[PDB]
file model_32.cif (mmCIF, C-alpha atoms)
data_structure
#
loop_
_atom_site.label_atom_id
_atom_site.label_comp_id
_atom_site.auth_asym_id
_atom_site.auth_seq_id
_atom_site.Cartn_x
_atom_site.Cartn_y
_atom_site.Cartn_z
CA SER A 4 115.65 117.50 94.45
CA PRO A 5 115.21 118.00 98.21
CA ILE A 6 116.60 115.12 100.30
CA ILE A 7 113.13 114.19 101.57
CA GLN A 8 111.90 113.60 97.99
CA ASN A 9 114.83 111.28 97.25
CA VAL A 10 114.20 109.26 100.42
CA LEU A 11 110.47 108.97 99.74
CA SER A 12 111.16 107.76 96.19
CA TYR A 13 113.86 105.37 97.47
CA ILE A 14 111.35 103.70 99.83
CA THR A 15 109.09 102.88 96.82
CA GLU A 16 112.00 101.19 94.99
CA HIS A 17 113.44 99.28 97.93
CA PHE A 18 110.74 98.82 100.61
CA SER A 19 111.15 95.02 100.65
CA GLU A 20 114.86 95.10 101.46
CA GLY A 21 116.52 95.73 104.81
CA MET A 22 116.25 99.45 105.39
CA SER A 23 116.83 101.83 108.26
CA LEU A 24 117.97 105.39 108.88
CA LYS A 25 121.49 103.95 109.18
CA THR A 26 121.42 102.11 105.83
CA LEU A 27 119.84 105.16 104.14
CA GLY A 28 122.44 107.45 105.72
CA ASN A 29 125.18 105.23 104.35
CA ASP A 30 123.56 105.02 100.88
CA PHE A 31 122.98 108.78 100.69
CA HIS A 32 126.18 109.80 102.56
CA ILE A 33 124.08 111.93 104.92
CA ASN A 34 124.07 111.94 108.72
CA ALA A 35 121.49 109.37 109.89
CA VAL A 36 120.29 111.39 112.91
CA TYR A 37 119.70 114.41 110.65
CA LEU A 38 117.87 112.23 108.13
CA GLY A 39 115.53 111.04 110.92
CA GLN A 40 114.95 114.60 112.14
CA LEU A 41 114.29 115.97 108.67
CA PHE A 42 111.89 113.07 108.08
CA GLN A 43 110.04 113.71 111.37
CA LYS A 44 109.83 117.42 110.53
CA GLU A 45 108.52 117.05 106.96
CA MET A 46 106.36 113.94 107.34
CA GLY A 47 105.08 114.49 110.90
CA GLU A 48 106.05 110.99 112.07
CA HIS A 49 109.08 108.76 112.58
CA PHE A 50 110.71 107.21 109.53
CA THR A 51 110.01 103.73 110.89
CA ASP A 52 106.28 104.47 111.32
CA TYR A 53 106.02 105.69 107.71
CA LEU A 54 107.93 102.63 106.51
CA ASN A 55 105.77 100.22 108.54
CA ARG A 56 102.53 101.69 107.14
CA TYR A 57 103.97 101.45 103.61
CA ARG A 58 105.01 97.81 104.10
CA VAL A 59 101.76 96.81 105.80
CA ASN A 60 99.77 98.31 102.91
CA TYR A 61 101.62 95.99 100.55
CA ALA A 62 101.20 92.98 102.86
CA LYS A 63 97.46 93.46 103.22
CA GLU A 64 96.93 93.40 99.46
CA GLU A 65 99.28 90.43 98.97
CA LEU A 66 97.27 88.49 101.60
CA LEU A 67 94.12 88.90 99.53
CA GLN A 68 95.62 88.48 96.08
CA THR A 69 97.42 85.24 96.90
CA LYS A 70 97.00 82.13 99.01
CA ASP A 71 100.73 82.21 99.64
CA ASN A 72 102.16 81.56 103.08
CA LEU A 73 101.88 84.39 105.64
CA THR A 74 105.54 84.30 106.75
CA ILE A 75 106.55 84.30 103.07
CA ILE A 76 104.31 87.34 102.47
CA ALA A 77 105.83 89.16 105.46
CA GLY A 78 109.25 88.49 103.92
CA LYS A 79 108.14 89.95 100.58
CA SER A 80 106.86 93.01 102.47
CA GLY A 81 110.23 93.69 104.13
CA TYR A 82 109.87 91.86 107.47
CA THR A 83 112.27 89.31 108.90
CA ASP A 84 111.04 89.57 112.51
CA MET A 85 107.65 87.85 112.61
CA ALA A 86 106.64 89.06 116.09
CA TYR A 87 107.38 92.60 114.88
CA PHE A 88 105.41 92.08 111.65
CA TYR A 89 102.50 90.78 113.73
CA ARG A 90 102.52 93.91 115.94
CA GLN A 91 102.92 96.29 113.01
CA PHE A 92 100.17 94.75 110.87
CA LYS A 93 97.76 94.99 113.82
CA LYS A 94 98.79 98.61 114.45
CA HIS A 95 98.23 99.76 110.86
CA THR A 96 95.12 97.76 109.84
CA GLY A 97 93.40 97.32 113.21
CA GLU A 98 93.34 93.54 112.60
CA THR A 99 95.72 90.57 112.86
CA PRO A 100 97.04 89.34 109.48
CA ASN A 101 95.06 86.10 109.34
CA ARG A 102 91.89 87.82 110.65
CA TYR A 103 92.27 90.46 107.91
CA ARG A 104 92.65 87.66 105.36
CA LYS A 105 89.52 86.00 106.80
CA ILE A 106 87.32 89.13 106.70
CA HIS A 107 88.38 90.27 103.22
CA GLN A 108 89.50 87.32 101.07
#
call {"tool": "encode", "arguments": {"input": "model_32.cif", "output": "structure tokens"}}
result
Amino acid sequence: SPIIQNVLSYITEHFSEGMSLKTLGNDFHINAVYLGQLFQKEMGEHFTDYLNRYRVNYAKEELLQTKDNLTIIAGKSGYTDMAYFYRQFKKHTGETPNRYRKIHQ
């Protein structure tokens, strides 16, 4: 099992919890800088950009499947910084969260 496979699978299991190269490095006992570099090499993008797309893809479905609160949904998607969530959702869907909800729900 190459390291990259283990990390990719780990994201699927834990995407909603606090996660970074540093927490992954600690969990896997592997140098965090190297983990980031290996990720950039194999995936063609930064770890955080992959993780944001993954989280936003969850958020966008949760926004349509529920009438639950937006901040609550961001929390369930792995965001604690709401300004950051707002930026990231816009980046990965092309729309603001509540606009996306409006167009598609």
call {"tool": "resolve_selection", "arguments": {"input": "model_32.cif", "expression": "the PyMOL selection byres ((chain A and resi 77) around 10)", "output": "PyMOL selection string"}}
result
chain A and resi 19+58-59+61-63+65-66+72-76+78-85+88-89+92+100
call {"tool": "closest_residue", "arguments": {"input": "model_32.cif", "among": "A:57, A:37, A:103, A:42", "to": "residue A:10", "atoms": "all atoms listed in the file"}}
result
A:42
call {"tool": "closest_residue", "arguments": {"input": "model_32.cif", "among": "A:17, A:107, A:9, A:99", "to": "residue A:54", "atoms": "all atoms listed in the file"}}
result
A:17
call {"tool": "atom_distance", "arguments": {"input": "model_32.cif", "atom1": "atom CA of residue A:23", "atom2": "atom CA of residue A:39"}}
result
9.7 Å
call {"tool": "atom_distance", "arguments": {"input": "model_32.cif", "atom1": "atom CA of residue A:34", "atom2": "atom CA of residue A:50"}}
result
14.2 Å
call {"tool": "atom_distance", "arguments": {"input": "model_32.cif", "atom1": "atom CA of residue A:36", "atom2": "atom CA of residue A:15"}}
result
21.4 Å
call {"tool": "decode", "arguments": {"input": "model_32.cif", "residues": "stretch 42-59 of chain A", "atoms": "N, CA, C and O atoms", "output": "CSV table (one decimal), in the first residue's frame"}}
result
chain,number,residue,atom,x,y,z
A,42,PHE,N,2.1,14.3,-2.2
A,42,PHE,CA,0.7,14.6,-2.6
A,42,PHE,C,0.6,15.5,-3.8
A,42,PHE,O,-0.1,15.1,-4.8
A,43,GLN,N,1.4,16.6,-3.8
A,43,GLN,CA,1.5,17.5,-4.9
A,43,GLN,C,2.0,16.8,-6.2
A,43,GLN,O,1.4,17.0,-7.3
A,44,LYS,N,3.0,15.9,-6.0
A,44,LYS,CA,3.5,15.1,-7.1
A,44,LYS,C,2.5,14.2,-7.8
A,44,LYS,O,2.3,14.2,-9.0
A,45,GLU,N,1.8,13.4,-6.9
A,45,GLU,CA,0.9,12.3,-7.4
A,45,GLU,C,-0.5,12.8,-7.8
A,45,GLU,O,-1.1,12.2,-8.7
A,46,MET,N,-0.9,13.8,-7.1
A,46,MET,CA,-2.3,14.3,-7.4
A,46,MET,C,-2.4,15.6,-8.2
A,46,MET,O,-3.4,15.9,-8.7
A,47,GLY,N,-1.2,16.3,-8.4
A,47,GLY,CA,-1.1,17.4,-9.3
A,47,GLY,C,-1.7,18.7,-8.7
A,47,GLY,O,-1.8,19.7,-9.4
A,48,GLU,N,-1.9,18.7,-7.4
A,48,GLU,CA,-2.4,19.9,-6.6
A,48,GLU,C,-2.1,19.8,-5.2
A,48,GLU,O,-1.7,18.7,-4.7
A,49,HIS,N,-2.2,20.9,-4.4
A,49,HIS,CA,-1.9,20.9,-3.0
A,49,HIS,C,-3.0,20.0,-2.3
A,49,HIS,O,-4.1,20.0,-2.7
A,50,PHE,N,-2.5,19.3,-1.2
A,50,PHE,CA,-3.4,18.6,-0.3
A,50,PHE,C,-4.6,19.4,0.1
A,50,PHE,O,-5.7,18.9,0.0
A,51,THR,N,-4.4,20.7,0.5
A,51,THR,CA,-5.6,21.4,0.9
A,51,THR,C,-6.6,21.7,-0.2
A,51,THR,O,-7.8,21.8,0.1
A,52,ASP,N,-6.1,21.8,-1.4
A,52,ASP,CA,-7.1,22.0,-2.5
A,52,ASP,C,-7.9,20.8,-2.8
A,52,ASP,O,-9.1,20.9,-3.1
A,53,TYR,N,-7.3,19.6,-2.8
A,53,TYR,CA,-8.0,18.3,-2.9
A,53,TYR,C,-9.0,18.2,-1.7
A,53,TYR,O,-10.1,17.8,-2.0
A,54,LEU,N,-8.6,18.5,-0.5
A,54,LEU,CA,-9.4,18.3,0.6
A,54,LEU,C,-10.6,19.3,0.6
A,54,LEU,O,-11.8,18.9,0.8
A,55,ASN,N,-10.4,20.5,0.2
A,55,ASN,CA,-11.5,21.5,0.0
A,55,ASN,C,-12.5,21.1,-1.1
A,55,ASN,O,-13.7,21.1,-0.8
A,56,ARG,N,-12.0,20.6,-2.2
A,56,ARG,CA,-13.0,20.1,-3.2
A,56,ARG,C,-13.8,18.9,-2.7
A,56,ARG,O,-15.0,18.9,-2.9
A,57,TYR,N,-13.2,18.0,-2.0
A,57,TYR,CA,-13.8,16.9,-1.4
A,57,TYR,C,-14.9,17.3,-0.4
A,57,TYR,O,-16.1,16.8,-0.4
A,58,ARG,N,-14.6,18.2,0.5
A,58,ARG,CA,-15.5,18.7,1.5
A,58,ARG,C,-16.6,19.5,0.9
A,58,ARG,O,-17.8,19.4,1.3
A,59,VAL,N,-16.3,20.4,-0.1
A,59,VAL,CA,-17.4,21.2,-0.8
A,59,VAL,C,-18.3,20.3,-1.5
A,59,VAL,O,-19.5,20.5,-1.5
